[PDB]
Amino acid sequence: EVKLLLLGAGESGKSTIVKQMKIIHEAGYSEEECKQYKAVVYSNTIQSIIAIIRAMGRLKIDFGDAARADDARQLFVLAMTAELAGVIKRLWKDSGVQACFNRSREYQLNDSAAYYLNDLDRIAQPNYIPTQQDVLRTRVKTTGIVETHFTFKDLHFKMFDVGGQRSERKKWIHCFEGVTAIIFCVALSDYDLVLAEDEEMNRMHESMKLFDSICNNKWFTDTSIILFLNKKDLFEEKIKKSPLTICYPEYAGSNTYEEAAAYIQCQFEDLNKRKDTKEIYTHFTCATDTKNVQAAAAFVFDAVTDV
């Protein structure tokens, strides 16, 4: 009876939200289901550390220890085993690798790269099983449309998740029929990144063009628009290191979590052309934090209840 549509750019966090609805209302991920994602965890860790040493060549950075070159060679051939763990750990500890990691803005690196790598000892053990946090931290591109059903207070939702990348936005239109509410996810940490499809397009700017399209859409003039400003935990960490001016030349405020976030929210709310007729319900979220998403869900519920 209630249709929920998750929209947003790629890496936005929409699929992580779906995962959280199963954790909260469907009592988590079974031990067996976690073992399913074990390969995904390993693939993500491997792809991340590969992405870093590959960046070094492009970025003119070399190891703090020249002996690592044999480990970097070993990483590619092996692409889990206890030898591969020792190789990755040494590469992650290297001063050169760490320098390149702190320049990840200049290439494409998974959000959860450091999360997995900093916990490699746990990840490398035998009989290791992905934790619920580990599963949420996994990245897998969403291809096609995925639906999910859950019931709350005698109201049950149809949640639709779709791919955010340009390759999949053609299929967004197929879902627009009968949408109660839209949850538009935006990565706060995307302000200094660039799209993986287009090397020179700013990720946040892309997210903006999308939100303008959706927020001021002809089909959705009825539907309530919810704006999820996601990845606030990464934004908090990141805003100290990188200035928000990279995304906005005009921004003269401080590079602080509270003030910078407030600014991004305002720029997205300003895209509403029917600003008097239509309201936008905005919430700051950490999609990997189940407790935080529980609070978000309640906020989503209140917006739908307002009907």
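Residue numbers run from 1 along the displayed sequence.
Across the other PDB entries of this protein whose models span the neighbouring residues, residue 205 is modelled without exception, so it is unmodelled in far fewer than a third. For residue 163, the record comparison shows coordinates present in all the other entries of this protein that model its neighbours, with no third of them leaving it out. Counting the unmodelled positions of the deposited sequence between residue 79 and residue 80 gives a gap of 4 to 9 residues. Relative to its counterpart among 34 to 42 and 52 to 60, 52 to 60 has the higher mean temperature factor, C-alpha atoms as listed in the PDB entry. Between 239 to 247 and 62 to 70, the higher mean Cα B-factor belongs to 62 to 70. The PDB entry gives the largest Cα B-factor of the residues 111, 199, 134, 206 to 199. Per the deposited record, 177 carries the highest C-alpha B-factor of all listed residues (177, 233, 190, 119). Residue 262: CA B factor in the lowest third of modelled residues in this chain (values from the PDB entry). Annotation for residue 307: C-alpha temperature factor in the highest third relative to the rest of the modelled chain, per the entry. Among the modelled residues of the chain, residue 115 sits in the lowest third by CA temperature factor in this PDB entry. Residue-level temperature factors show residue 5 in the middle third of its chain, judged at the C-alpha atom. Per-chain ranking of the deposited C-alpha B factor places residue 138 in the lowest third.
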